[PDB]
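Below, chain A is the first sequence line, B the second, and so on; all start at residue 1. The basis for the numbers below is simple: all heavy atoms, side chains too, and nothing from hydrogens, waters or symmetry mates.
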Protein chains: 2
Amino acid sequence: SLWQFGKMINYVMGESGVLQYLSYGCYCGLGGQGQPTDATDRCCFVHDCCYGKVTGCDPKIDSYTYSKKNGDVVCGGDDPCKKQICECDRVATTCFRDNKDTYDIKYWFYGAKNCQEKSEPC
Amino acid sequence: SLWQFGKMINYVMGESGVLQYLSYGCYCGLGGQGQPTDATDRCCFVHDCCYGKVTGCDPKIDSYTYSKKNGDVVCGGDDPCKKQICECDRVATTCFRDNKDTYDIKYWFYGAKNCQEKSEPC
Ligand SMILES: *CC(=O)c1ccc(Br)cc1
Ligand SMILES: *CC(=O)c1ccc(Br)cc1
């Protein structure tokens, strides 16, 4: 669920994590349109394409199973649909950490009026 | 500034405050249009009309002065324009706490395609 994705972002990125990633560029948030702005916005484009392959369960409200091992997050459980949602969430938090050196404040709370070009294929 | 409105919401409502209130209904977010959905969404409509009466400084990017006394938020400083922006943010925080009994998960991360009716005037 989105409550679990928020707890995962603060463990990997620090105390101000959720406020820094809730709205950035043309793709960071639920849904999106147009073309990506930089490397950080591209991590969120891949996350939307991953949620689109899920059939039978809901990514906003359904709960999955996970554990923490000395800094490393690992997915578990026995339902195939719920485990698929946990893997989409784990891969995006590692992409945010690898690209921290190019994050730019001119793109935080950007707007939809600047995302009006022909949309990029998955 | 918008960074200050987020930190004030986490002090009054608790740890999961920013994830619950910065994306909800037709007006809690950037670029509002249409008709308010419920009581919590109407607290955000009144806050948008309050910002429109400020004529010599910018609500999105300019920083103000504030502190705490007996558990309540208090606004300060030596510039009248900046103090007016602080007062709009404090009143909205009290409206969220007074209406908590009626919050609904159906309106959390609501899509923009559901808000295309004519807009209610201030
Ligand atoms: C899918 C994605 O990138 C994303 C980013 C932030 C939040 Br909150 C929800 C989803
Ligand atoms: C004025 C108001 O309620 C509001 C809420 C969210 C965001 Br982002 C901006 C403004």
Here the side chain to side chain donor-acceptor pair (under 3.5 Å) pairs for residues 70-83 of chain B, sequence neighbours left out, are none
Taken in chain and number order and not counting sequence neighbours, the residues that satisfy side chain to side chain contact (heavy atoms under 4.5 Å, CB included) with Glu120(A) are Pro36(A), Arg42(A), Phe45(A)
Next on the checklist: Run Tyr110(B) and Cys26(B) through side-chain contact (heavy atoms from CB on, under 4.5 Å) and show every step you take.
Outcome noted: CA-CA 8 Å; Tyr110(B) 199 53; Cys26(B) 294; 4.2 Å; yes
Heavy-atom nearest pair, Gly34(B) first then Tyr27(B), reads O-OH, 2.9 Å
For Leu30(B), the side chain to side chain contact (heavy atoms under 4.5 Å, CB included) test, sequence neighbours excluded, returns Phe109(A)
Output for pair (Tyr21(B) OH, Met13(B) CE), nearest 0.5 Å, gives 3.5 Å
| Cluster check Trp3(B), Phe5(B): I/L/V/M/F/W/Y, side chain < 4.5 angstrom | yes
Between the NZ atom in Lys118(B) and the CD atom in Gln33(B), the distance rounded to the nearest 0.5 Å is 14.5 Å
Note: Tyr11(B) and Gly71(B) closest approach over all heavy atoms is OH-O, 3.6 Å
Here the gap from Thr40(B) atom OG1 to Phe96(B) atom CZ, rounded to the nearest 0.5 Å, amounts to 7.5 Å
Nearest heavy-atom contact between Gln84(B) and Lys53(B) is OE1-O, 3.6 Å
Q) When hydrophobic residues are tied together by side-chain contacts of less than 4.5 Å, even through go-betweens, does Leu22(A) share a cluster with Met8(B)? A) yes
Is there a donor-acceptor pair under 3.5 Å between the side chain of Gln116(A) and the backbone N or O of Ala112(A)?
yes
Interatomic distance, CD@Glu117(A) vs CD@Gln35(A), rounded to 0.5 Å, equals 4.0 Å
Closest non-hydrogen contact found for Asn10(B) with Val18(B) is ND2-N, 3.1 Å
d(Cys115(A) SG, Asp41(A) CG) to nearest 0.5 Å is 7.5 Å
Residues at least two apart in sequence or cross-chain that pass side-chain hydrogen bond (donor to acceptor under 3.5 Å, both in side chains) with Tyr24(A), listed by chain then number, are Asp38(A)
message: Can you confirm whether the side chains of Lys7(B) and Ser16(A) place a donor and an acceptor under 3.5 Å from each other?
response: yes
By side chain to side chain contact (heavy atoms under 4.5 Å, CB included), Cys57(B) pairs with (sequence neighbours left out) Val54(B), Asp62(B), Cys81(B), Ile85(B)
Report task. Report whether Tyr66(A) and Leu19(B) are members of the same hydrophobic cluster (ILVMFWY, side-chain heavy atoms less than 4.5 Å apart, transitive linking). Result -> yes
The complete set of side chain to side chain donor-acceptor pair (under 3.5 Å) pairs with one or both residues in residues 86-108 of chain B, sequence neighbours excluded, reads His47(B)-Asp89(B), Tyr51(B)-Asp89(B), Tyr64(B)-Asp89(B), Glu87(B)-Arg90(B)
With sequence neighbours left out, the residues meeting side-chain hydrogen bond (donor to acceptor under 3.5 Å, both in side chains) with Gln4(B) are none
Smallest heavy-atom separation, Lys60(A) atom then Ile105(B) atom, equals NZ-O, 3.4 Å
Residues at least two apart in sequence or cross-chain that pass side chain to side chain contact (heavy atoms under 4.5 Å, CB included) with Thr65(B), listed by chain then number, are none
When rounded to the nearest 0.5 Å, the distance separating SG of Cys122(B) from CG of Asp48(B) is 7.0 Å
For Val91(B), the hydrophobic cluster (side chain heavy atoms closer than 4.5 Å, chained through members) also holds none
